[PDB]
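Visitor: Got a structure for you, written out below as structure tokens; questions coming shortly.
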Protein chains: 2
Amino acid sequence: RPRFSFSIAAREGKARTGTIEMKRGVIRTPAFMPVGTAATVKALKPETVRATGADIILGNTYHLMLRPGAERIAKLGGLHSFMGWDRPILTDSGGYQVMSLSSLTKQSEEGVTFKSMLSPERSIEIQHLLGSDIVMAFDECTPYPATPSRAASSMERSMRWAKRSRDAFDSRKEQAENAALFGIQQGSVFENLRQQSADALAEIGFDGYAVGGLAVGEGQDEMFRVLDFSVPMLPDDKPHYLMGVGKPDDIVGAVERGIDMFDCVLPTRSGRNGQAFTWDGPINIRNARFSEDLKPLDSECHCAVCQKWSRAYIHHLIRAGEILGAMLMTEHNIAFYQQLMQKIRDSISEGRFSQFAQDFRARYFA
Amino acid sequence: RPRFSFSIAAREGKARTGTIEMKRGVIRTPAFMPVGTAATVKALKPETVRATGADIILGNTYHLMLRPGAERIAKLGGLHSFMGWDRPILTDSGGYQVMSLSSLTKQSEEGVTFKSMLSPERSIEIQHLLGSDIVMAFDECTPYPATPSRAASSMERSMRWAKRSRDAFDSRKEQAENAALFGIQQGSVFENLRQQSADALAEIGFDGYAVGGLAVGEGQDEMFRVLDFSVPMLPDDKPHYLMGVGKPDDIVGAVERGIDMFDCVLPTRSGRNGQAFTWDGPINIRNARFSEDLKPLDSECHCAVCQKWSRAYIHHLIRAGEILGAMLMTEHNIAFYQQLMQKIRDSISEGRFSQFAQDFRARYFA
Ligand SMILES: [Cl-]
Ligand SMILES: [Cl-]
Ligand SMILES: [Zn+2]
Ligand SMILES: [Zn+2]
């Protein structure tokens, strides 16, 4: 396999389906990436992640650079070996969580200093030490809402940081030859800033383009409005990655607007909290109505959990605080997300994605 | 298969190896039973429990009679169906944990009343509703130390309760025809009381005989001293079950004294707390010395954890509080216990158990 090759096999409107080929494996798109915080997809062995259909996982950098440390992971053979996942890993830059999770942060043009310095150069180096396959440029995730002036200042700094990220990645031969680098479009909800950001990123040149700054509480209508004008600004022939999204209906609508890749903690985190996704909408398995329900979490789901255990049993486990409850809910939810992506890919390939989206919504929101 | 058949295939001194055949499966003896609290072996799917080599698990009754409730489990199809374990389950009577975990307990000849009535009859009924394969008679676990008078009074009540348990079990045709009933020897550390208890139990007649009251903080020397005279008092041709034991060296010495069955929470509970069993003794994986150790938990262990992950990774997971850490430590520890039992069975079958016990101790305590 090549370092990186994205091929589009079929299209319907703005939606696309295809593959990314990388040295460590093929990624089917549109793709959902389960999130690995701290070198684990919470409550799942990697073989179980793979059994759900995942082709790639996201590794959070912020936690790993603190514990166990990036240099330590490199000394131990890299993240893939360490956690036992041998397929592609996309790593975030660490910049978003440094702001969310640190104390006493101090921002400058050089980077961010924080207490538990992270610059573009150090972020790219950390991602190299982890052995990331898809490296994210280091940027500033603009708060929402943002004034036009502040959104512009933040986007402009992020574009300067994108060039620094590109140059740091290219100056490390092993990384440049074996990994890919994605740039991140910013600009808040403002069309002119989104266009300037797209133009700057395309001039630098990246292997893929993320739409940043949209998992920030703005609501689906506004997110879709921004995607409507933002995704067409990005190069058509490269993957489009919507960071931090999202709920099933967010994914469907984002694919309808040209997005190829997704990640979010919802299936894992909300699974451990008792929320199970089904084709008829989410359910909270802790509800007393499930205490004697012998049906599986979802009546059509093909996952191992739905083949073997009832709602009543999982209700009991989650109410009791049992680890197996978290394991089963997470496996089912990640499997549900992968089945959603498979239905999306198949429907685009067959020219019936518009109908699929309509049928999906009618049933999910009934 | 029959309802119950215990066959001894080989013997060395007081040690025995053989099989218990029951409707739901064969149990190889000496046997270690992983403990299922609240209808789950904590942090493991049943298929993983089986992959470690377990033939039978122990279900705690006290928790289940409270949550989800025995009648509810019966309505849902029984414990086996509920949790997805189709092999034999031994259930405790609930009497020990009612004393440990309840408030405002009130004891009488009829049974025990408590706040979150449990009589011999109700205990046997609960175990029936769960669908237990091996039912334990309801008894009083005598505190340690106990005066001779108090040990005698408690043992005498337990023998009256053993007869009530026998009669309740026999009066339920489906239970009598499909399950087995074990009686529990009491008498604290006193040889004369242990003999009276053995005689009373043998007169009633049971499918197997437990040695009760020895997982109570008395120390290994005293436990072994009591086993030395207590196990020969029980019928030779029936299984001997040492309840609540124990550490690996406790198991080896108890087998040398004629015990066939064991259960304890040590491998599961202490696994979640960071203690891993190895042929060279236990280690605490949280210790900083393991942070860069690429070896598996144990250098000879055949378990899936030791084939795939390093000490350094599991150290990281346990320090981070990650669910996968609990999963991996528990799988390894239960696998270690099953490998110990396999080595015990093979060495007795080959007439070299005395040498095995000596070699085991020399290395485990080096
Ligand atoms: Cl998560
Ligand atoms: Cl436990
Ligand atoms: Zn499922
Ligand atoms: Zn192992």
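If you're wondering about the labels, chains in the structure tokens are A, B, ... by order shown, residues count from 1 in each chain, ligands from 1 in order shown.
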Starting from chain A, keep only residues with some atom at most 7 Å from an atom of chain B, counting only C-alpha atoms, and report them as a count of residues only.

Guide: 15

Visitor: As a ChimeraX atom specification, please: all residues of range 86-321 of chain A that backbone DSSP puts in strand (DSSP E).

Guide: /A:89-91,103-107,112-115,134-136,180-185,208-211,240-242,261-263,275-276,283-284

Visitor: Using only C-alpha atoms and all ligand atoms, find each residue with an atom at most 6 Å away from ligand 1 and format the answer as a list in words.

Guide: residues 42, 265, 268 and 269 of chain A

Visitor: Which residues are close to residue 343 in chain A, i.e. within 10 Å by only C-alpha atoms, leaving aside same-chain residues fewer than 3 positions away? Reply as a PDB file with C-alpha atoms, in the first residue's frame.

Guide:
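In the end it all went to selection_0.pdb:
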```pdb
ATOM      1  CA  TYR A 337     -22.152   3.535  14.584  1.00  0.00           C
ATOM      2  CA  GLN A 338     -20.235   1.238  12.227  1.00  0.00           C
ATOM      3  CA  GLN A 339     -23.492  -0.253  10.881  1.00  0.00           C
ATOM      4  CA  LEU A 340     -24.744   3.289  10.269  1.00  0.00           C
ATOM      5  CA  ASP A 346     -23.802   1.139   0.589  1.00  0.00           C
ATOM      6  CA  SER A 347     -26.598   3.601  -0.108  1.00  0.00           C
ATOM      7  CA  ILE A 348     -24.230   6.100  -1.784  1.00  0.00           C
ATOM      8  CA  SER A 349     -22.682   3.284  -3.826  1.00  0.00           C
ATOM      9  CA  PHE A 353     -28.513   7.736  -0.106  1.00  0.00           C
ATOM     10  CA  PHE A 356     -31.764   6.263   3.067  1.00  0.00           C
ATOM     11  CA  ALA A 357     -31.364   9.573   4.898  1.00  0.00           C
ATOM     12  CA  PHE A 360     -33.343   6.858   8.659  1.00  0.00           C
TER      13      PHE A 360
END
```

Visitor: Which polymer residues have any atom within 7 Å of an atom of residue 311 in chain B, counting only C-alpha atoms, with same-chain residues fewer than 6 positions away left out, as a list in words?

Guide: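 In the requested format, the answer is residues 285, 290, 293, 294, 295, 296 and 297 of chain B.
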
Visitor: Put those residues in a file: N, CA, C and O atoms, as a CSV table (one decimal), in the first residue's frame.

Guide:
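Saved to part-v5.csv:
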```csv
chain,number,residue,atom,x,y,z
B,285,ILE,N,1.3,-4.4,39.8
B,285,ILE,CA,1.6,-3.8,38.5
B,285,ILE,C,1.6,-2.3,38.5
B,285,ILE,O,2.1,-1.6,37.6
B,290,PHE,N,7.5,-1.1,36.8
B,290,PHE,CA,6.9,-1.8,35.6
B,290,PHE,C,6.6,-0.8,34.5
B,290,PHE,O,6.1,-1.2,33.4
B,293,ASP,N,8.5,-1.9,31.4
B,293,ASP,CA,8.7,-3.3,31.3
B,293,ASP,C,7.9,-3.9,30.2
B,293,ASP,O,6.7,-4.0,30.3
B,294,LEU,N,8.6,-4.4,29.2
B,294,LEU,CA,7.9,-4.9,28.0
B,294,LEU,C,7.6,-6.4,28.1
B,294,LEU,O,6.9,-6.9,27.2
B,295,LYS,N,8.0,-7.1,29.2
B,295,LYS,CA,7.6,-8.5,29.3
B,295,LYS,C,6.1,-8.6,29.7
B,295,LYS,O,5.5,-7.6,30.2
B,296,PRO,N,5.5,-9.7,29.4
B,296,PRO,CA,4.1,-10.0,29.9
B,296,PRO,C,4.1,-10.1,31.4
B,296,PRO,O,5.1,-10.2,32.0
B,297,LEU,N,2.8,-10.1,31.9
B,297,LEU,CA,2.6,-10.2,33.3
B,297,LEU,C,3.4,-11.4,33.9
B,297,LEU,O,4.1,-11.3,34.9
```

Visitor: Can you work out the spacing between CA of residue 35 in chain A and CA of residue 11 in chain A in Å, to one decimal?

Guide: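 Interatomic distance, CA of residue 35 in chain A to CA of residue 11 in chain A: 27.4 Å.
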